[PDB]
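Please read the structure below before turning to the comments.
Number of protein chains: 2
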Amino acid sequence: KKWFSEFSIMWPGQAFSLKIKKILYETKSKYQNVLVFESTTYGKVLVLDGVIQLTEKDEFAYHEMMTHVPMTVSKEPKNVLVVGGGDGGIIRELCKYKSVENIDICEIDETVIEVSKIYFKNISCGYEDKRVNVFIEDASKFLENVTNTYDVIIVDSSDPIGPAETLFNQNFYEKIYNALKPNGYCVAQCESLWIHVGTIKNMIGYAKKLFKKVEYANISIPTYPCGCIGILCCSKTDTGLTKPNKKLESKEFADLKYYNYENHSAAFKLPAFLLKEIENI
Amino acid sequence: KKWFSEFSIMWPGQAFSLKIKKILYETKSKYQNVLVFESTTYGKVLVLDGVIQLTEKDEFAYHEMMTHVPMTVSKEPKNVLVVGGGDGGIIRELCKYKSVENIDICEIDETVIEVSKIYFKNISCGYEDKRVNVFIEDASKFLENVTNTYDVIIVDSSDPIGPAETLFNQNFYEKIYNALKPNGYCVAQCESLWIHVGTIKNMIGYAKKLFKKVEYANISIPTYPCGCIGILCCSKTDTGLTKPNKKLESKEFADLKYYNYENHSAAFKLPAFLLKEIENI
Ligand SMILES: CSC[C@H]1O[C@@H](n2cnc3c(N)ncnc32)[C@H](O)[C@@H]1O
Ligand SMILES: CSC[C@H]1O[C@@H](n2cnc3c(N)ncnc32)[C@H](O)[C@@H]1O
Numbered sequence: 041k042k043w044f045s046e047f048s049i050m051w052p053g054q055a056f057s058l059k060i061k062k063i064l065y066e067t068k069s070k071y072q073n074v075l076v077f078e079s080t081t082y083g084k085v086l087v088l089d090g091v092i093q094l095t096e097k098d099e100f101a102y103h104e105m106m107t108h109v110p111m112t113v114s115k116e117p118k119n120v121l122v123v124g125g126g127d128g129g130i131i132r133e134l135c136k137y138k139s140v141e142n143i144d145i146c147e148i149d150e151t152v153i154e155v156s157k158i159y160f161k162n163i164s165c166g167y168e169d170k171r172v173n174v175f176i177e178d179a180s181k182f183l184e185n186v187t188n189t190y191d192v193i194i195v196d197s198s199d200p201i202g203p204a205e206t207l208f209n210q211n212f213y214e215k216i217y218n219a220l221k222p223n224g225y226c227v228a229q230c231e232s233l234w235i236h237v238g239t240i241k242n243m244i245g246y247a248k249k250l251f252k253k254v255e256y257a258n259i260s261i262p263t264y265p266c267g268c269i270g271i272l273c274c275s276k277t278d279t280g281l282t283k284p285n286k287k288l289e290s291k292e293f294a295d296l297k298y299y300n301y302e303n304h305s306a307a308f309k310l311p312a313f314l315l316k317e318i319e320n321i
Numbered sequence: 041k042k043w044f045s046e047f048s049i050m051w052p053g054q055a056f057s058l059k060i061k062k063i064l065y066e067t068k069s070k071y072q073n074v075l076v077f078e079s080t081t082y083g084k085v086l087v088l089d090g091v092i093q094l095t096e097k098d099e100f101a102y103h104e105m106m107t108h109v110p111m112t113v114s115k116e117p118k119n120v121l122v123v124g125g126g127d128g129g130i131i132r133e134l135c136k137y138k139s140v141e142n143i144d145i146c147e148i149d150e151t152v153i154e155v156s157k158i159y160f161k162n163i164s165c166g167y168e169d170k171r172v173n174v175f176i177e178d179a180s181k182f183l184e185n186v187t188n189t190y191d192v193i194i195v196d197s198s199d200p201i202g203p204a205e206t207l208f209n210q211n212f213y214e215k216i217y218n219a220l221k222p223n224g225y226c227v228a229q230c231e232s233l234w235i236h237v238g239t240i241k242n243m244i245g246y247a248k249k250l251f252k253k254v255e256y257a258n259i260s261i262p263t264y265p266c267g268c269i270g271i272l273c274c275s276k277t278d279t280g281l282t283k284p285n286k287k288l289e290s291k292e293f294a295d296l297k298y299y300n301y302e303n304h305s306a307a308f309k310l311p312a313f314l315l316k317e318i319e320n321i
């Protein structure tokens, strides 16, 4: 058999590899190179521009922590936006909340959505739900023009090289502030503390120029570089996102596999060197 | 340049890689294949039987969490044993505690110690300290025969394939119980929750047959498979290891880079699926 290897200038000098059981689909879309393969031990894998976006084995960690952290704080969220997330994993998790009335998702690349509906049915299943509305657009323009405001915004982007380029700057962070209700929350993929500290600091900076409270949490997931990824957590109220206001006991949450009430708060207890690094921002 | 790749039947289907800047030393010792290289981005790397034991960039996470978790619980530890740990990183961390009177280290492979003194001076520096006494022996025999008992025992082994084979069974866990003071503690490398759950369960089982309290914590470290590794935490008293009894404010701890009072407790908040898995043991 052959191996798939994730190399990149975003993490020079290291690489992670998965053995290929078979290749399922490749194409160049209007925006990126898309690849889907069945791996030998992590199930099906979705790759964009040579970078792993998710795998069946572990995607639950990133989708549950990105969704349930803010959703368990926000008191009763009605209208939620997902940026990116074309695979639909965030949507799967949002659909578990019966109080939610509307879910918009703004994804730039329709190919991702359709590939996901074809090859990842357990991740894409939430596109069925009547509450879900899809927009094919650079979120960067979509937030410039949207008339509604949201209780929660969840920015499940790819990395800063590619179309996600426009999502990692100050102007993008204004657009989010404005598209949120006065007591709204944003969570955003914010990379690995083991190698991206300059970025993490920039991101935090941007958010601070607008939000009164910016926190950072960490998620263990094996198929992202260095085995972890961070959530940049933004709050307009001063009490932030580190503690849930509810517990997921509805039968729709019985199945959860990573997130729980305690490990919500735990994810915000970071290594000394990182705290040290993000003090004077 | 060329790449070093960590493959193994212990984690089929995945691999992590580091680019080689230069190879420093190779040999077959009486017990294992030893390799040391300078990597391009993680500094110097020590490899035994094709498996990464440590790197300069990140070793602090595993050595600080393995040392300071139990040492901050144990009320005033006098006599401490390290099993394995020939590189000396655990010793470096123990030497920071002035109340410690004696540190024994039982390592099977002297080549590791001497390689470490030669090529890893900032990790091996604690061999200088007058309190440190070295024994070259299978810890499995050494614990059968030792007359003293210890406040704390820290089992910094390599993986179960190799000489560490004898350290991952029930009989080994008896030997530790007996070599500990009545209110003593053991911490032991116990692998990744992302792929070793059968082992984790076995280990926990073994420990439970003797200790009244067995906890498991997790450490983010990029150069071990799946980016994390676990500490099996054993206690003879019923209150366990999840909360420190002291804070590291002596000037000798100013330099710490991962461990702190809060993230001590955080490391014990595990993913739902893992709790679920280790309930009826
Ligand atoms: C798979 S989750 C990451 C998703 O983010 C999407 N993405 C990247 N950049 C943007 C953008 N500017 N707007 C919306 N979605 C984006 C990618 O196409 C991918 O589907
Ligand atoms: C580098 S830390 C891991 C150390 O554990 C050592 N080790 C492996 N098995 C044993 C054993 N049975 N007794 C003592 N040390 C061991 C290895 O030789 C290595 O130096």
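Order-wise, the sequence lines are chains A and A'. A prime marks a further copy of an entry chain.
First residue of the first sequence? That's 41 in the authors' numbering, and the numbers climb one at a time after it.
First residue of the second sequence? That's 41 in the authors' numbering, and the numbers climb one at a time after it.
C-beta: ideal position from N, C-alpha, C; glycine also.
Return the residue from the list the options that minimises the CA-CA distance to residue i.
i	options	result
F175 (chain A')	A':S164, A':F47, A':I153, A':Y159	A':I153
residue 401 (chain A')	A':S180, A':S305, A':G202, A':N258	Examination of residue 401 (chain A') is not possible in this model, given that chain A' is present from 41 through 321 alone.
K84 (chain A')	A':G270, A':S198, A':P200, A':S156	A':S156
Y217 (chain A)	A:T151, A:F251, A:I321	A:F251
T239 (chain A)	A:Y71, A:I271, A:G125	A:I271
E116 (chain A')	A':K287, A':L296, A':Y299	A':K287
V109 (chain A)	A:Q72, A:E168, A:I148, A:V227	A:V227
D169 (chain A')	A':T187, A':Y137, A':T67, A':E150	A':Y137
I49 (chain A')	A':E78, A':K61, A':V91	A':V91
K41 (chain A')	A':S79, A':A55, A':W51, A':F56	A':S79
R132 (chain A)	A:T151, A:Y159, A:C165, A:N119	A:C165
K283 (chain A)	A:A306, A:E289, A:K241	A:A306
Quick one: what does DSSP say residue i is sitting in, helix, strand or coil?
i	result
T239 (chain A')	helix
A306 (chain A)	helix
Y299 (chain A)	coil
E292 (chain A)	helix
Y246 (chain A')	helix
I271 (chain A')	strand
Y82 (chain A')	coil
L183 (chain A')	helix
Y190 (chain A)	strand
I261 (chain A')	coil
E66 (chain A')	strand
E46 (chain A')	strand
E177 (chain A')	coil
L281 (chain A)	coil
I321 (chain A')	coil
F251 (chain A)	coil
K61 (chain A')	strand
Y167 (chain A)	helix
Does the Cβ-Cβ distance between residue i and residue j come in under 7 Å?
i	j	result
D196 (chain A')	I130 (chain A')	yes
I235 (chain A')	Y102 (chain A')	no
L58 (chain A')	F47 (chain A')	no
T95 (chain A)	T263 (chain A)	yes
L121 (chain A')	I193 (chain A')	yes
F308 (chain A)	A257 (chain A)	yes
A179 (chain A)	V254 (chain A)	no
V76 (chain A')	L88 (chain A')	no
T189 (chain A')	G53 (chain A)	no
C266 (chain A)	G125 (chain A')	no
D127 (chain A')	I163 (chain A')	yes
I148 (chain A')	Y65 (chain A')	no
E104 (chain A)	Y298 (chain A)	yes
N285 (chain A')	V140 (chain A')	no
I158 (chain A)	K241 (chain A)	no
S232 (chain A')	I269 (chain A')	yes
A219 (chain A')	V172 (chain A')	no
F160 (chain A')	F56 (chain A)	no
Discussion item. In chain order, what are the residue ranges of uninterrupted alpha helix (DSSP H) at least 4 long that sit wholly in the segment 93-160 of chain A?
Written reply: Uninterrupted alpha helix (DSSP H) stretches at least 4 residues long and entirely within the segment 93-160 of chain A occur at 99-113, 129-134, 150-159, given in chain order.
Practice prompt. Mind the definition here: the segment 142-156 of chain A touches the segment 313-321 of chain A only if three or more C-beta pairs lie below 8 Å; say whether that holds.
Written response: At 8 Å Cβ cutoff, the stretches do not touch.
Practice prompt. Could you tell me which uninterrupted beta strand (DSSP E) segments, each at least 3 residues in length, are contained entirely in the segment 194-235 of chain A', listed from first to last along the chain?
Written response: 220-229
Worksheet item: Is the segment 215-230 of chain A' touching the segment 263-276 of chain A' in the sense that three or more CB pairs, one from each, lie closer than 8 Å?
Response: yes
Worksheet item: Would the segment 207-215 of chain A and the segment 240-247 of chain A be scored as touching if the rule is three or more Cβ pairs under 8 Å?
Response: yes
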